[PDB]
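Coordinate-derived values only; no laboratory data. A quick note on method: Cβ atoms are made from the backbone with ideal geometry, for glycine too, and the neighbour counts reach across all protein chains shown.
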Amino acid sequence: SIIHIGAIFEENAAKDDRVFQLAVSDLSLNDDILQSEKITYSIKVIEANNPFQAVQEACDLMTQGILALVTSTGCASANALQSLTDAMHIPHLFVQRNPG
Amino acid sequence: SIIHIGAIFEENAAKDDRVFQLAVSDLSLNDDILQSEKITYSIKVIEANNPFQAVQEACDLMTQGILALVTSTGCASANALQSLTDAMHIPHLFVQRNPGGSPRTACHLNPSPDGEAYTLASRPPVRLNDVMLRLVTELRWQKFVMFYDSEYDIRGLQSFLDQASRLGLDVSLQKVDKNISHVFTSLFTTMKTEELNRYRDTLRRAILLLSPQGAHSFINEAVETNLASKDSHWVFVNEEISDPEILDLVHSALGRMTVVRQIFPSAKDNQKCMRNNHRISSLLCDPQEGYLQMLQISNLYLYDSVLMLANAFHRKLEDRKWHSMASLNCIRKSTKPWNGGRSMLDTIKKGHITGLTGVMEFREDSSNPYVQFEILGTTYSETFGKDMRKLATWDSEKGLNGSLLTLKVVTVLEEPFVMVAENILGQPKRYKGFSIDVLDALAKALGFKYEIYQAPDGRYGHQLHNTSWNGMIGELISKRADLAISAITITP
Amino acid sequence: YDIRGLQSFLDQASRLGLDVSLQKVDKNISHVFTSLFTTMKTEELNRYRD
Amino acid sequence: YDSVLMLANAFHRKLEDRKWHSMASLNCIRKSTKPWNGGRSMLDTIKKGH
């Protein structure tokens, strides 16, 4: 198999990606346990506090079949996602966006 | 042409699954422009706070074609259905859910420009920082209380918490339980009795902001706990209360009250409940049992949402346009839109009818601000009952047209100041002297009282070499009494 | 940030007799004190200042 | 970043368990969805992490 996870971030998603993509990059350089596979990521950027774009940008990720999900969005981007991740059993490590 | 509409109503969809076709039947029956046309509907009853459960109920009905969507949901669960109606250009009729008739709270949404209101809130707005600024001025307030339950989003008049610093008055603010017995439990056990009676006399000016049901359970018991002896005012203004539970509050009350709901002139007659050649089902045009007082706000905002559609779809039949939404996955970003939605945006936002709720205009940011009450009021009296008299009328146009004790006394020894004057079988009975006559002058013109306590020290309590006060002073400080009003030796 | 984030301190500043008085803060205080001078009089300004 | 550290730790503990499963590709707009049946013992691996 392979590891494939989801990564959807609220605006501004630039320094969400400054942390995420470089954090995932240094993993395979040094680890001996996740060397038999590789963590595959695909960033899907949505609107500000819109869960509908999170649904449309995540249905392709389940058409990609993600195992987990990395979210940094506000409280107005999780009610459809909490009603979605209870269906797919996905660990939804939700972290609230600081509003400015 | 596939003439289908969706309508998703979450918990509780009970009157949503009862009252809904009281107009839909009369649509298919009594409309002449939609005669030689076919009329359908939808009724969903799904579980509450479930947006993605409603997504497979919305992505499945989008395959069937939807011309207008009527919802009753909340803030966090409908930003998806807000942004669903932007690309396909679909109307989105909406009611804010509340449990039992408690107040409401508006929402906060995406950083999109103003003008697009596919989502429209049918419910009347919170104009209530204004009416609070009325009554903090027009009804002689300086020090008072307000309340709220566990089950309402408390941020409704959090704005009004801010002018409160600017005027200079004082408010008290506590949460109401979901058990009335737990309220009196914490108010008789968990506190200080002196602080209780302080708070109780503060509670003589108090405000609940609640449903008309658990508050009705509370208030008459709060009366029955003797929190009102003669009169003071307690306030709530709402949009719905049945006339018996009005009287079961305020005829079970002699004091000053506030019971305000929402009124509209309706029509007694057939061919007078008619807009756009369609019937308004009401008590006066469909009389039922238990329906003299069926006063939920969602009645007129659903029968008039019917008539607001019945104006517009007749106009759309005149618009000579049709487009059927096809079967689709809602994974798409560049979806297939509906071309008729621009006219459907304009025959509804600029669409309006004048009926038994007045005039229903619309703005471009999910609001109908127009609303008008009337207010019947009474004070404390016994010569006419607590029957009602008009004292005000509010509207969004003009504002409010028409406008608006045993105490803790410990005492000292030495009878040549104040004596135990009487000592009877079982009781040292009456205690007379100088400050007793002062207490007589206090008690005389009010009917307010005292409780005389003995200090057998008679200390004239002194600052010790103990950082404390012997005898009497330090236990006023330790607050087993709070007044020792007597001949007291004057030391700084 | 909302009042629902600190709901019960209303109810406990209540219980200790602690005098609650809020004002919501907008964007710039440069916009704030100007509107405090233009709208208010000086009694509610400087009495409540102390 | 702590959510990257905890999940990569749960990746290492899952391969330390020497069992693996991966989530299937699906369009969940359908009612026909397969729930991820290994949602508890791996959840026991992730809840007890530090």
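Details
- Single unsatisfied condition, A:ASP26 versus (1) more than 12 Å from the chain's Cα centre (by Cα); (2) buried (at least 21 other Cβ atoms within 10 Å of the Cβ): (2)
- Index of the failed condition, B:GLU475 passing every other in (1) under 26 Å from B:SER229 (Cα atoms); (2) in a helix (DSSP H, G or I): (1)
- Selected residue (only one of A:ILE90, A:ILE43 is farther than 20 Å from B:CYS59 by Cα and part of a loop (DSSP other than H, G, I, E, B)): A:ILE90
- Scanning region B:47-95 for residues that are within 26 Å of B:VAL126 (Cβ to Cβ) and charged (D, E, K, R) returns a single hit, B:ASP86.
- Check on A:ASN30, more than 8 Å from chain D (Cβ to nearest Cβ), touching a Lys or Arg at 6+ places or on another chain (Cβ under 9 Å), part of a loop (DSSP other than H, G, I, E, B) and among the polar types (S, T, N, Q): no
- Of residues in region B:337-357 being surrounded by 12 or more Cβ atoms within 10 Å (Cβ to Cβ), farther than 30 Å from A:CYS59 by Cβ and not polar (S, T, N, Q), the one farthest from the other protein chains (Cβ to nearest Cβ): B:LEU356
- Of the residues making up region B:168-214, those that are assigned to a strand (DSSP E or B) and within 10 Å of chain C (Cβ to nearest Cβ) are B:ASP170, B:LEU173, B:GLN174, B:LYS175.
- Within region D:1-27, the set of residues being at the interface with another protein chain (Cβ under 7 Å from one of its Cβ atoms) and of a type in the set (A, V, I, L, M) comprises D:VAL4, D:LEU7, D:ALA8, D:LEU15, D:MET23, D:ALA24, D:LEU26.
- Total residues in region B:418-436, condition part of a loop (DSSP other than H, G, I, E, B) and of a type in the set (S, T, N, Q): 2
- Scoring A:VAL95 on the criteria (1) surrounded by 16 or more Cβ atoms within 10 Å (Cβ to Cβ); (2) under 30 Å from C:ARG4 (Cα atoms); (3) facing chain D (nearest Cβ under 8 Å) leaves a single failure, condition (1).
- Filter pass, A:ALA48 being touching an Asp or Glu at 6+ places or on another chain (Cβ under 9 Å), part of a loop (DSSP other than H, G, I, E, B) and more than 10 Å from chain D (Cβ to nearest Cβ): yes
- Condition met for B:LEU161 (buried (at least 18 other Cβ atoms within 10 Å of the Cβ), assigned to a helix (DSSP H, G or I), within 12 Å of chain C (Cβ to nearest Cβ) and touching a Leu at 6+ places or on another chain (Cβ under 7 Å)): yes
- Of all residue pairs spaced 6 or more apart or on separate chains, those with beta-carbon atoms under 6 Å, a first member in region B:57-82 that is crowded, with 21+ Cβ neighbours inside 10 Å and a second member that is among the aromatic types (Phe, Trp, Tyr) and outside any loop (DSSP other than H, G, I, E, B) are B:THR71/B:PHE94; B:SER72/B:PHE9; B:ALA80/A:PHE52.
- For B:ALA481, the requirement of being surrounded by fewer than 16 Cβ atoms within 10 Å (Cβ to Cβ) and not aromatic (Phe, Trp, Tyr) is not met.
- When B:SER334 is tested against (1) away from chain A (no Cβ under 14 Å); (2) loosely packed, with under 13 Cβ neighbours inside 10 Å, just one condition goes unmet, and that condition is (1).
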